[PDB]
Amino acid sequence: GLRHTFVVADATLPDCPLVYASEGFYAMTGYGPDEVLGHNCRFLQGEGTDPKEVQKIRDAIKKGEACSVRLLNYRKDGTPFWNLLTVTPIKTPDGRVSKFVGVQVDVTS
């Protein structure tokens, strides 16, 4: 298929830290698990990231909704890339959101 990466955020912690990342996520961003696990994904953002799109994800996460946005993101070396990002909430049977899962696609083409 098309090249994509996958992460899991723990929504039981208040700031959705990342608890699992696929090998391509590390390879695409230049960050190691030592710098990725335990942190909110937003460290990938930088000067040119559109706050109106960031705002859309902040809201959907607060509301436990799925969401899809394209964001400017930066590698560890500072270089930018366009990240089409889809977040999906994973609920327990009591309707509570337990995890968020992300699919990130570098769509710089």
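Note that residue numbering follows the sequence shown and begins at 1.
For the two regions 62-70 and 38-46, the entry's Cα B-factors average higher over 62-70. When the two stretches 47-55 and 78-86 are set side by side, the higher mean Cα temperature factor goes to 47-55. Among the modelled residues of its chain, residue 32 has a C-alpha B-factor that falls in the middle third according to the deposited record. Sort the modelled residues of the chain by CA B factor and residue 9 lands in the lowest third.
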